[PDB]
Ligand SMILES: OC[C@H]1O[C@@H](NC(=S)N/N=C/c2ccc(Cl)cc2)[C@H](O)[C@@H](O)[C@@H]1O
Ligand SMILES: OC[C@H]1O[C@@H](NC(=S)N/N=C/c2ccc(Cl)cc2)[C@H](O)[C@@H](O)[C@@H]1O
Ligand SMILES: OC[C@H]1O[C@@H](NC(=S)N/N=C/c2ccc(Cl)cc2)[C@H](O)[C@@H](O)[C@@H]1O
Ligand SMILES: OC[C@H]1O[C@@H](NC(=S)N/N=C/c2ccc(Cl)cc2)[C@H](O)[C@@H](O)[C@@H]1O
């Protein structure tokens, strides 16, 4: 149908059809008489995956032959989503498969909905890893993603009586066609035990052993015939484990629990032993794999020339002492040489400045679980602090501030300090975030080693986040400027010369309308909820956190409702306000926020005076597959975190690429987005980081705002009195109390400017032509936020490798 | 190479080769450069399994169209062994695959050794189910095997310091190419809860739900294009199970533990809750499947016309009250009609008379786990006992003897009594066993309902147990009488006319010699143990039990050793005595017996005076795959259970078919074997059942034998004094004490006759021509012991269906 989806040749369509029938028969053991839609999906998945194998084998053979420097991206999260469409897009098979299935009497889009998301992540950090893998393959880098194959990913969110309920994400139930188990590359991982000191160095003994079994998943580059590997480890008990008899076999579950479930607590670091085990498990297994591949090329001087390890946050920080352990204890290198190798090999990416999210592991945990690693960490600390003492003589408080060991009630290890000490590069994920790192939380480290600190502004892959999810927009762009922009997003700048083009303006607006209609239909079919597709689609989708200020959005919604109720016969621009996202199961306040949103909806959506002028919908089970649907349908992107709290954001970039305007604070990547598009083409409001700091010095008093803003007072009165919860009058007392007395994120302080700015949004939306022209200016300047740019910067500035857009032979 | 292994056509060999390469590439994601022998096995397995799919789909479609009476064989055990060679044999693909792999530069026999046994059984009962499935497919019956997919089968046995060690049989580690998961046919199974009585009958409520997910495995008939299904259930937690958050997900293991491991305790009934859960799980899931298939044909009068359920022992006895529950509570049939249907549907096979093996479930267990079933069982009992009271008025002790409920310290349900009451047919597994059932343990039931009691003498499949494991013997037989005997084993009688044939005598003896050399080589390669291939191969392989009297064999071995030591320069027929088998992990005495055997070996095998005249080897990890190796190599089969204790035996039949002579008691099927071959061609010894009974009435005094047999006294003195355990003098005190004071199985009573009979064996072996002639007479009369005969008898006499040797179209 559309050009960017590839050719549907006679030979290819015929071959796809026969291989589809072959798989249905030989692979699924079905015939068309009893086959379900799910059987058809799997037949298609097997048909498509066949096209990956040759490229996958020869890419990996190519790396073995050419022996380039290898990039190892270590993460506890890879938020991949669905794989079928992405594979088709990257192999130019989409139209061919669409045709082939059509001729078989099947709707491919229907088959695509059957695939489970690989939800092996929580939000931004996990999704970033996924975009990064796509870009590394597209840029021809010898890159490997290493993580854990969780049996259960991020929970499925159900909403019951307005409350979030969690259920297990049993994503492997029907089997995963995109993985290949590699039980032959199974590796032992050690836990517990004790350290023996001998004549010939330290020895870690009496350990318990858990096996790490790898599963390989392909990562196809965009039409370059490159297929990289994401290798995920699964925990397996050894066969003599616990070996009355029956119990010993049943107890195998204990060892295998390591890879059972993804921790969903993105709000609050929990020092849970199982989480620590997960972190070491991925690190220990991965490093053996790295070293094996390096030896299959004695001399570890060349190790940093052939290996880069990127630590995605501090979660895999144990790579640093583990590498030291292997180099010193097993390979018998001297400390100083091992340390030089380690530092040159490792680099660390920070993803937050919120103190409660920082990993600070109790010493007693590390003492029991990883006794040798604790000793190594102590030695790292001593030698590091001796360097600090020499650079800043007599500065005793600096020494305690910079220590990897935190003294207190329980002694803790600061994993962020460990990462900085043992990495040659430390980066933040947006310019303002990287600056905040140097100025505040890691200031001491920056002063000691300024050369270590870099910025790498986040990006998103334009394959998933434009071509895949918004083919209509991709096509109207390709009609004017060609297809090259898909792997060179800066080319979107050429669209600036079409800002006055009447045909293009009409097409951009039409694509959005089509997307909105498609999404309005989805909501009715799958959730039986009805919306007005002519209203402004006002969306805030992201994990529920106080810092992200879904509550500020709630306050605006209630403001609009109250203004309508006051002047019912006055015209207002119709809005559909959509808020979605999961709360960490133990995050009470975030769970209360979800309940608030639904409670507002219950009042607003059933008020006859309101009509279809205002609708508030909670988007259930927000996940990658839902993002791919809602983002193309959005008109307004809510990016309203308190300045200095959102390290980057990536959702923001997805909305910008897909033709929504942004209302946001000058926080994270919003700053750079406004800079690229021009501040005139952005709806900026609220305190800057400097204003937040000023307010903190003075002391934040929420009562002041309550006293001076009558509309805000009304809302707080309504919440308190039980207007939004008639049968449980005091339901939202926790929310009110927090807002009034202990709001870390200054919701009230940005309220007036927010509401004012929202009025300017409604004003522009009344003028469809000018709304769309500003949209074109956003899309046209979204190029910088391609993860291809981000990865090219990591490659050149951190990893010391050059990207390549060159095809491998097919 | 050999004719019975099929044609190796040019077209087939070429096609097998290309499909092998296709699977290696697309399925295994490897190329020849990095492929391991295991990769090659899997490529071959996938290549062969492709040939099953068409036949499998059309067999099952055929049953749906023709709607024959369906046979459901319910067992907690299916001891399948390896599947690759069996599939090739039944599809006539063996020579073609041999050629195809040869041309690829691979040894197929080497690839075959890589396959794990499906060890989903303990011994005879489990293996019988497997032979039965093969015969039902070969005889064209619409048959389904239903059981549990254990994650861990029978433990792998390691011998360490002479002691049995158990390790987990992780048979699914590399994946199972012979199964197809069917998550679409997943069914709920209920546990716990309580019974509510309403106006409209009883209701079972507040249950916990465990999901049953089926996995289908093909059962190919012998060259008839029939492929039946063995459906095995796996336990899955529902997604809202236990749904702080992390624990709830981890607790899913509790529900899924149901299908985790096979109970190995074949010696002693353990009333463990997990085992009860397993038994109900298979029954509940299976019956829903049966009823679904029956409805997809309101009127349950026709149920017994379209359904037969065979209960393999009492393990699935809960099928009786479960069927009643469904018919009465869910379908709303009256009790009397439901009961008529149930009785006509169910049949029960008994496999033992040993009281400690009989399932007697504590009422308190059933009360908690299955409250509705207990109520149904009580009602069954009341109505049954009313029938007994009417037939035998005033006989009050009969009433308590026949009750399904046993009174005592803890009230128990006798599952065997439940099975007899609710089945239209009850059978033993050999003529003497079935007679013992009518005369002793079920005498009361026989008097009430004599028509219910039948015999179905056990059999073995001549496909696995001749063609597959002994191709050399199969071929020399086919050379004279054709190939028809393979599915009509009675044709082996034609070999009687070759008993004086000099060419045939020479060939039979040559095949045995070749088998012995092959096995002597296997022992050196895989276990580094050396044997004399010219010695008599004296083998006893079977689970270790006191009733099977491995101890009596031990006494003979020591007798031979002592006789050699007394007269060293006297000629004795050389023997390699091989004993193998697993002991249930909690069976102390059986574990002591294994240690005794190894301890004897340690003394005998290192005595220079003995030389190579006597060797004692413990065969480690006896299992189906090992049986296939050792049985063709055997000269003498030890079948020496105390008369009246071995219900049938099937190992005995395997040895008879493969050219070994039998030394045995008149127990189980040995009686019928001797009857078929002629007592002159069998080495029969020891007490008959009647002699055992006489001895019991008098009182068994082992001291009498010790006092009157000097050679026996010497052995007991040696055991006591520490001759076989120099550093632990009292090691075997338990064994001696048992033999002397509490031997239920009268080892001493058969000692003299046993030793005497063994002398006659050695005498015959000195005359190779006469040894072989007697062998021919055994093989020639082994026809009755084909499971084809057994299954045809079940079909006609119990199930009411006619077998068919007719091909389905290819
Ligand atoms: O889904 C059922 C099972 O499939 C298996 N896959 C096998 S046998 N081949 N895959 C080949 C392959 C080819 C191409 C690609 Cl792009 C990925 C895998 C998986 O190893 C196993 O984990 C899974 O449960
Ligand atoms: O850089 C990518 C994105 O990273 C995010 N960080 C996230 S998702 N941390 N999760 C941490 C976490 C901690 C513990 C657990 Cl158990 C789970 C998740 C930033 O908030 C966002 O601004 C940025 O764009
Ligand atoms: O081995 C990896 C996985 O394979 C899967 N098999 C699939 S996708 N097709 N099988 C088709 C098939 C065809 C013929 C026959 Cl005779 C048996 C199965 C199994 O369902 C799964 O349990 C297992 O782990
Ligand atoms: O008829 C086939 C064979 O059946 C055998 N019975 C067996 S293996 N019972 N296992 C029982 C059992 C009980 C509990 C558990 Cl957890 C495991 C096994 C007979 O002993 C044998 O004579 C006969 O030939």
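Sequence positions for chain B are given in Swiss-Prot numbering; the residues included correspond to 13-255, 262-315, 325-837, in order.
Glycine too: its Cβ is placed from the backbone N, Cα and C atoms.
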**OP:** Based on what Swiss-Prot says, identify which of B:313, B:465, B:681 is the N6-(pyridoxal phosphate)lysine one.
**Re:** B:681
Original post:
Could you tell me the C-alpha distance between residue B:15 (phosphoserine) and residue B:204 (phosphotyrosine) in angstrom, no decimals?
Top reply: 58
Original post:
If you measure from the Cα of residue B:315 to the Cα of residue B:325, with 9 residues left unbuilt in between, what do you get in Å?
Top reply: 11
Subject >> Cα-to-Cα gap, residue B:748 (phosphoserine) vs residue B:681 (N6-(pyridoxal phosphate)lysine), nearest whole Å >> reply: 39
**OP:** Compare the C-alpha of residue B:143 (site 'Involved in the association of subunits') with the C-alpha of each of the modified residues B:227, B:430, B:473, B:514, and give the closest one.
**Re:** B:514
Original post:
If one measures from the C-alpha of residue B:109 (site 'Involved in the association of subunits') to the C-alpha of residue B:514 (phosphoserine), what distance in angstrom results, rounded to a whole number?
Top reply: 22
Subject >> residue B:747 (phosphoserine) and residue B:156 (site 'Can be labeled by an AMP analog'), distance between Cα atoms, whole Å >> reply: 53
Original post:
Want to know which modified residues, from B:204, B:227, B:430, B:514, are within 10 Å of residue B:681 (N6-(pyridoxal phosphate)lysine) at Cα; which are they?
Top reply: none
Original post:
What does the Cα distance in Å come to between residue B:255 and residue B:262, when 6 residues between them are unmodelled?
Top reply: 9
**OP:** May I ask which of the modified residues B:204, B:473, B:514, B:747 is closest to residue B:227 (phosphotyrosine) if we compare their C-alpha atoms?
**Re:** B:204
**OP:** Work through the recorded positions one by one (B:156, B:204, B:227, B:473) and point out the residue whose CB has the fewest other CB atoms within 10 angstroms.
**Re:** B:204
**OP:** Work out how many Å separate residue B:204 (phosphotyrosine) and residue B:514 (phosphoserine) at their Cα atoms, rounded off.
**Re:** 47
**OP:** Could you measure between residue B:430 (phosphoserine) and residue B:747 (phosphoserine) for me? Cα positions, answer in whole angstrom.
**Re:** 46
